[PDB]
């Protein structure tokens, strides 16, 4: 198979189950929403050395579609451990959104996706020291917590689902600039898919790893030397001097497959792309196997 003359390797990305929440952040403006959003979702590329996997889903939610009639942004927070996720929701909303000028936080988990729920807003409400006050807002149960700026509004509870983490593909290109232009076009396409986010910096992984280490028994993971253009022993096609990985997490498998589809199609329009591939673990580790040829 080829898309725009780019070979699509017949292989599969191997994904995993992970717990996920989805939060609507509103603010006085879209600018202040993004300020809160960038803080709340940072230090969140991978659960290996980061405390969560977080990112923006919908970059712009019109005022007339929010509970409070203010501009919004939706983010998603993921972790494989459900208690770790509830902690992360509390810490990230409590110290990155409650503290951010004019920002409010509401649940944006689709009812059809909702399996569990955590009363994060109830928990933060104690910050009001007895002055916090329950209210209803567009049918929603909210807490009004007095803060020095005025009030912080937060929904009582946030829904949790089991989503799909680790959807991926590799872009193989003739050079680093070519691979990066293709990679960013891919991420620009992924922005439009609802219920999916790319947690790595700018959506892009420049240092994909393998499980473990050939040399060091203390390392749980290490550089994927099979795909390192500067490692003399690599398994790369001729004329490939750069590989990028795009990693996608999502509410469900369909959202992750859709993100991968539009990401790959977008990447294949850009010059200097040699091959599209995907990372798996032989079928052994994860719960999902997303075959690239099945996307198209």
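Positions refer to the first chain, counted from 1.
- Looking at 35 to 43 and 256 to 264 together, the entry lists the larger mean B-factor for 256 to 264, computed on C-alpha atoms.
- Checked against the record, the higher mean CA B factor of 116 to 124 and 174 to 182 lies with 116 to 124.
- The maximum CA B-factor among the listed residues 28, 231, 242, 246, taken from the PDB record, is found at 231.
- Comparing the C-alpha B-factors of 188, 91, 82, 107 in the entry, the top value falls on 82.
- For residue 250, the recorded CA B-factor ranks within the middle third of the chain. Only modelled residues enter the ranking.
- In the PDB entry, residue 212 places in the highest third of its chain by CA B-factor.
- When the modelled residues of the chain are ordered by C-alpha B-factor, residue 56 sits in the lowest third.
- Residue 65: CA B factor in the middle third of modelled residues in this chain (values from the PDB entry).
- In the PDB entry, a CA B factor belonging to the middle third of its chain's modelled residues is recorded for residue 163.
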